[PDB]
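Below is one structure, written out as structure tokens; the observations come after it.
One is the number of the first residue; the rest follow in order along the sequence. These numbers come from the heavy atoms of this one structure, side chains and all, not from hydrogens, waters or symmetry mates.
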Amino acid sequence: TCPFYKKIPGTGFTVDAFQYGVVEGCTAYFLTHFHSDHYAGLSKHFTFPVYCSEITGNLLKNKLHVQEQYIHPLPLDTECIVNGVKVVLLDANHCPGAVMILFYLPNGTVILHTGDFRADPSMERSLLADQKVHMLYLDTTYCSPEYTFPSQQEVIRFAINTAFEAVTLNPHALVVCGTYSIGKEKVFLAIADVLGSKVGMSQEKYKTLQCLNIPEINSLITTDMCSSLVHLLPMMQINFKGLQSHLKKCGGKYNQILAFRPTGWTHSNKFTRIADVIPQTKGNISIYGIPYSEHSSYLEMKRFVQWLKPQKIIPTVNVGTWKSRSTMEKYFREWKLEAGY
Ligand code: NI
């Protein structure tokens, strides 16, 4: 059945709750972003109001074939009324089109649902600064102190410098980047830019990227693999067998692959700096795992919450085990006692 942490009290609303059938009493279904664990259930047969960003609405129409009459896109940073309740959508610093949702309840309670997010100090100067938030529905993906990672900017610097050096030493090397969802576009787009290439990809992935309102996209991507030296493949194909196979398909145009896997966290982070990352190599294939995260580190999450000072926190991630739930509740109490709220 629909879990309580997907329901917004005092409303008829749910958040990211499309795989439970008709949720009894739900008058509006919000979708925070286009990732499969969150949209699971949606299709052309859905006949209830879906409330989302413009970009998520493009993807629903084009990829899932949801009918237009049931897609209700909202502008960001704008007070809107939905079934008699004031709401605002905020940028979540996740993947393209991802939002947080502020609900202003008729009784005066204010609720923030972060969806999936990477907390950032820039959020401290949005419409969130303007009133108190009582309840926070929190993306707790990496809510443990072991989870450190570098800035996205540091990671992209490493990737750009590594790719440019490789291809300049060997003009016959091919760069490959893995993907299995929207997000993390900066990785392959930044590398393509430094090399003076477009990124080549399948027709399905090109279609998906053409829904994202990214500026000058027609200048950065292509379905013509022959004209491109940065290729995108399914994440599943980023291994030695899958890459050897891909290299055969390129007909002796290339004699080396440098591949990138933009993972979330991996336990090389507890020890190793970005400067010190090394690839796994077999023959003329090298694979780099790089820690490009679109979720908050522990310290970023902690700073956001200690700034916001919510009265109650409802975790939305890692809620399935008692040991996880209890650990998270201990951190929330530490944060509250350190900061004084
Ligand atoms: Ni997500």
Side-chain angles (χ1 to χ4, degrees), residues 31-40 42-44 50 52-66 68 71 73-76 89 91-99 115-118 152-153 155-156 159-160 163 174-203 205-215 217-238 242-243 246 249-250 257-264 288 290 292-295:
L31 178 65
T32 58
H33 66 296
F34 197 78
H35 281 164
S36 59
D37 280 357
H38 303 259
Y39 64 70
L42 276 164
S43 73
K44 72 171 71 172
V50 178
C52 60
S53 67
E54 182 186 348
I55 286 162
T56 297
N58 295 342
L59 290 161
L60 294 180
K61 176 181 171 192
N62 289 290
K63 302 293 294 189
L64 295 187
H65 306 294
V66 170
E68 211 144 42
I71 305 173
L74 312 170
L76 301 192
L89 301 192
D91 204 276
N93 188 42
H94 185 58
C95 64
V99 295
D116 286 344
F117 88 142
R118 185 164 185 179
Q152 293 179 167
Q153 189 266 330
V155 178
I156 291 305
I160 283 171
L174 174 66
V175 175
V176 180
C177 294
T179 187
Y180 40 34
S181 57
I182 68 170
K184 308 187 189 183
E185 292 78 11
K186 196 72 174 175
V187 181
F188 51 90
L189 299 175
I191 292 168
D193 179 74
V194 81
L195 298 177
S197 181
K198 297 187 181 182
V199 184
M201 61 191 72
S202 73
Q203 289 185 250
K205 181 76 184 183
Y206 186 85
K207 175 185 186 175
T208 298
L209 302 183
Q210 282 292 166
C211 299
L212 307 182
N213 296 353
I214 291 178
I217 199 62
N218 298 332
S219 70
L220 312 159
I221 60 172
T222 185
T223 56
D224 182 359
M225 313 290 283
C226 289
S227 72
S228 151
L229 61 143
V230 182
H231 296 173
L232 299 200
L233 296 182
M235 201 72 85
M236 288 197 66
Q237 207 171 347
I238 314 302
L243 292 164
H246 186 71
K249 285 165 250 178
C250 292
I257 283 175
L258 187 122
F260 293 92
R261 294 189 341 88
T263 59
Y288 285 87
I290 57 173
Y292 192 91
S293 182
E294 295 187 334
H295 295 273

Checking side-chain contact (heavy atoms from CB on, under 4.5 Å) for the pair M201/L209: CA distance, chi angles, key distance, verdict? CA-CA 10 Å; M201 61 191 72; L209 302 183; 3.5 Å; yes
Identify, with sequence neighbours excluded, every residue that meets side-chain hydrogen bond (donor to acceptor under 3.5 Å, both in side chains) alongside [X].
X    : value
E68  : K61
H231 : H246
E294 : none
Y292 : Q152

Identify the heavy atoms of [X] and [Y] that sit nearest to each other, and give their distance.
X    : Y    : value
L174 : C250 : CD2-SG, 4.3 Å
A163 : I191 : CB-CG2, 3.7 Å
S228 : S197 : CA-OG, 3.6 Å
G242 : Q237 : O-NE2, 3.2 Å
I182 : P96  : CD1-O, 3.6 Å
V187 : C177 : CG1-SG, 4.5 Å

Which residues share a ring-ring contact (aromatic ring centres under 6.0 Å, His included) with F34, sequence neighbours left out: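 Residues passing ring-ring contact (aromatic ring centres under 6.0 Å, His included) with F34: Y39.
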Between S227 and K198, is any side-chain donor less than 3.5 angstrom from a side-chain acceptor?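 Judged by distance alone, the side chains do not pair up.
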Enter the distance from [X]:[atom1] to [Y]:[atom2] here, rounded to the nearest 0.5 Å.
X    : Y    : atom1 : atom2 : result
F188 : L220 : CZ    : CG    : 10.0 Å
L31  : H38  : CG    : NE2   : 9.0 Å
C95  : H35  : SG    : NE2   : 4.0 Å
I257 : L243 : CD1   : CG    : 5.0 Å
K44  : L42  : NZ    : CG    : 14.0 Å
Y206 : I217 : OH    : CD1   : 8.0 Å

Under 3.5 Å, side chain of [X] to main-chain N/O of [Y], donor-acceptor pair present?
X   : Y    : value
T32 : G115 : no
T56 : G97  : yes
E54 : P73  : no

side-chain contact (heavy atoms from CB on, under 4.5 Å) between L189 and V199, worked out: CA-CA 7 Å; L189 299 175; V199 184; 4.3 Å; yes
Checking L212 against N58 for the side-chain contact (heavy atoms from CB on, under 4.5 Å) test, could you report, in this order, the C-alpha distance in whole Å, the side-chain angles of both residues, the deciding distance, and whether it holds? CA-CA 8 Å; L212 307 182; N58 295 342; over 6 Å; no
Tell me which pairs pass side chain to side chain donor-acceptor pair (under 3.5 Å) where either residue lies in residues 179-190, with sequence neighbours left out.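 For residues 179-190, and leaving out neighbouring residues, the side chain to side chain donor-acceptor pair (under 3.5 Å) pairs sorted by first residue read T179-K205.
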Would you check, one step at a time, whether the test side-chain contact (heavy atoms from CB on, under 4.5 Å) holds for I221 with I214? CA-CA 11 Å; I221 60 172; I214 291 178; over 6 Å; no
Quick one: does [X]'s side chain get under 4.5 Å of [Y]'s, heavy atoms only?
X    : Y    : answer
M225 : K249 : no
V175 : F260 : yes
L64  : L59  : no

